[PDB]
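Asks: Next input, structure requested:
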Amino acid sequence: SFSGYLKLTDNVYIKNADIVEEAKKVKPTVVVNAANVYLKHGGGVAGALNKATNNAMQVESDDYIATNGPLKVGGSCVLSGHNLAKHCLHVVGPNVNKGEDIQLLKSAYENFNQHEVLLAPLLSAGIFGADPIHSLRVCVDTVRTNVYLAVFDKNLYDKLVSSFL
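Replies: Residues are numbered from 1 along each chain as shown. Let me share the structure:
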């Protein structure tokens, strides 16, 4: 079970943690991946989660794309959690570095409402280029299910907690 989280709201929790290490410890029902529409898990959270699965996530993802085509920005799919979780919910937040509409971040977080409890990163943060303070705000204002946020960077975690309205 989840430990060491700071409660932000009734249903949103946050911890300064490596989401791969959190997933290996907790073995949650759902771990969220910060996916792109192609499910190409090259870097950021996706690269790290995929490497922890010994590339099994990428092999499964390539088969999913071959069958279904790319996801939509703001969309998601449920695939195996491999050795990390029961399921991985691959969610595509807008990538500001690709000029994608930041308004799609709320649609991306709405996918979390289909799961009672999730371990997740802040969508569109990191290499996706959005402001993580804004991502946390959209998360708290959109997700109604229990979301345990893992923030890798200690300095960012401190800034997120200290600026939380």
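Asks: ranges for the helices of the chain?
Replies: 19-26, 44-52, 56-68, 104-110, 132-142, 154-163 (DSSP state H).
Asks: Rebuild the ones you listed as JSON lines, extending it with distance to residue 3 and mean neighbour count.
Replies: All C-beta atoms are positioned from the backbone trio N, CA, C, and that covers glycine. Formatted as JSON lines, those follow (distance: least, CB to CB, whole Å; neighbours: other CB atoms under 10 Å):
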{"stretch": "helix 19-26", "distance to residue 3": "8", "mean neighbour count": "19"}
{"stretch": "helix 44-52", "distance to residue 3": "20", "mean neighbour count": "21"}
{"stretch": "helix 56-68", "distance to residue 3": "25", "mean neighbour count": "15"}
{"stretch": "helix 104-110", "distance to residue 3": "24", "mean neighbour count": "21"}
{"stretch": "helix 132-142", "distance to residue 3": "20", "mean neighbour count": "19"}
{"stretch": "helix 154-163", "distance to residue 3": "16", "mean neighbour count": "13"}
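Asks: could those go into CSV alongside distance to residue 8?
Replies: Shown next, in CSV, are these (distance: least, CB to CB, whole Å):
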stretch, distance to residue 8
helix 19-26, 17
helix 44-52, 20
helix 56-68, 28
helix 104-110, 14
helix 132-142, 6
helix 154-163, 8
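Asks: Out of the ones you listed, which is closest to residue 37?
Replies: helix 56-68 (8.9 Å; CB to CB).
Asks: what helices or strands is that closest one leaning on?
Replies: helix 44-52, strand 76-80 (3 or more CB pairs under 8 Å, 6 or more residues apart in numbering; DSSP states H and E).
Asks: can you put the ones you listed in a markdown table and add distance to residue 66?
Replies: Listed next are the helices and strands packed on helix 56-68 as a markdown table, based on distance: least, CB to CB, whole Å:
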| stretch | distance to residue 66 |
| --- | --- |
| helix 44-52 | 17 |
| strand 76-80 | 13 |
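Asks: Ok, which of those comes nearest residue 30?
Replies: strand 76-80 (8.1 Å).
Asks: I would like the residues contacting that closest one, please.
Replies: By CB atoms under 8 Å, 6 or more residues apart in numbering, the surrounding residues in contact with strand 76-80 are 35, 39, 56-57, 60-61, 64, 68, 71, 87-92, 108, 111.
Asks: what residues are up against the residue nearest to residue 18 when sequence neighbours are not counted?
Replies: Spatial nearest neighbour of residue 18, excluding adjacent residues (CB to CB, 6 or more residues apart in numbering): residue 152 at 5.7 Å. Residues counted as contacts of residue 152 (CB under 8 Å, 6+ apart) are 16, 17, 18, 19, 121, 126.
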